[PDB]
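For reference, the chain that follows is the form deposited in one PDB entry, supplied as structure tokens.
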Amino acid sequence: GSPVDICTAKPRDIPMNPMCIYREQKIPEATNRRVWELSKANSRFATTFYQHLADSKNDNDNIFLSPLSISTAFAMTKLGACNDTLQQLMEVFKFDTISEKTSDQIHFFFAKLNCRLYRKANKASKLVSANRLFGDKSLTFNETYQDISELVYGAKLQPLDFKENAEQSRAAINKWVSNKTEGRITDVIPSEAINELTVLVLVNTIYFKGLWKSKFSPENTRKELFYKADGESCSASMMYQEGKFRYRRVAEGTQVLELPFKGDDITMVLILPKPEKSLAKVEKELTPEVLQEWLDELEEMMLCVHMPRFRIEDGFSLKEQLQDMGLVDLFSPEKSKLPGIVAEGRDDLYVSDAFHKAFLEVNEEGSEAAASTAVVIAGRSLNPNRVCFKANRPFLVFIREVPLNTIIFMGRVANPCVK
């Protein structure tokens, strides 16, 4: 190619100029100060956004998003944003809660994170991204932007004929995502979500395929009762397994359990509150630092584990939620301001809509693995010598990249029962 591999390259190289500027804390040994802060930022938007979304939903619904996906997709947007259609971004995404050093070169450090993130040991531990911008052809996009994107995020903007071929462009965008996601994330943008009036469109999804470092034996899976919040219970395929796992019983009996994937770089963390206590309180108590304290406190332990098969997922229309959180100008044709993408080809450029889509399907094998069918037996005698961690009541769920300490996925399994 022409430029230098961004991953190895430092800031003292690759001239990155954003048309608009916005200008100890015990960090673990062997850590990139800059990346670490940036992450500290994403995890804030994470819990924040999760809680806000959780209020809108009902304690009996499953939840699932990818804070990293969105933080990433919108960072792109802000590559060429300005004024309020920038301050808001920075504020909403917590980028203004880190050093001016990091808060400045956010695209650089996001590039670095993406580097340690999407490279690979491509074992049974894969992680594919699919974030992209779609704007109408009837506009000339700043090529500076275009280049920087491709290098930092690697996608550049994409012009589609919205004004004359919406349903065709819809299929275009759709057939792009149902690609990067190995024909798995299908129908990102729904019909009538894009019309001849669509200006700028934002899509963003993350896909994770992986196998448990310590799989469950299908012969141990069983039909047991999962008690929902509304007091009513239901049958679920409870998976069983006994081994040493990082565990931690925190405040008020809430248990934290970590199950790593082949590689130990990606893991699923469960936050399970005791039978009586409500997940709602825990969710409200959730702060980036609390989660961190819990993670560090973890200690390998020999335990008995009951976890059920399940699939949580959700196609998001962030526009609503985000602005409701304070992200306004960007979605407003009048107030927006993205001089970084278009000077003013056909006037006011703004994000018509933003589409999210993430899903998790766990079983004996791993995430997005080989499902089984062997008729699930019933009943389960009590394990002698020891009780047991049982996710037979609403629990939290986080899919994290450990080295980079980044929350890739977060959700709630409030009801995993027979679909």
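Residue numbers here begin at 1 and follow the sequence given.
- Where coordinates are absent for parts of the deposited sequence, a chain break appears; between neighbours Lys10 and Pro11 there is no such break.
- When the two stretches 186 to 194 and 299 to 307 are set side by side, the higher mean Cα temperature factor goes to 186 to 194.
- As recorded in the PDB entry, 344 to 352 is the stretch of 225 to 233 and 344 to 352 with the greater mean C-alpha temperature factor.
- Across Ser169, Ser125, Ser71, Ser278, the entry's maximum B-factor at the CA atom is seen for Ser125.
- You'll see in the entry that, of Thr267, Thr254, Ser217, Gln146, the Cα B factor peaks at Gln146.
- For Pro260, the recorded CA B-factor ranks within the lowest third of the chain. Only modelled residues enter the ranking.
- When the modelled residues of the chain are ordered by their C-alpha B factor, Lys26 lands in the highest third.
- Remark: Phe93 belongs to the middle third of its chain, ranked by C-alpha B-factor as recorded.
- Ranked against the other modelled residues of its chain, the C-alpha B-factor of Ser372 as given in the entry falls in the highest third.
- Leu291 sits in the lowest third of its chain by CA B factor, as recorded in the PDB entry.
We do not show the form solved in complex with a partner chain, though everything after this point is about it.
- Only one segment in the set 114 to 122, 333 to 341, 100 to 108, 290 to 298 has residues whose heavy atoms sit within 4.5 Å of the partner chain in the deposited bound form; it is 333 to 341.
- Using a 4.5 angstroms threshold between heavy atoms, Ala41 stays clear of the partner chain in the deposited bound form.
- The partner chain in the deposited bound form comes within 4.5 Å of a heavy atom belonging to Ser352.
- Taking the partner from elsewhere, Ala193 is found to have a heavy atom lying within 4.5 Å of the partner chain in the deposited bound form.
- Under a 4.5 angstroms non-hydrogen atom cutoff, the partner chain in the deposited bound form lacks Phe95 among its neighbouring residues.
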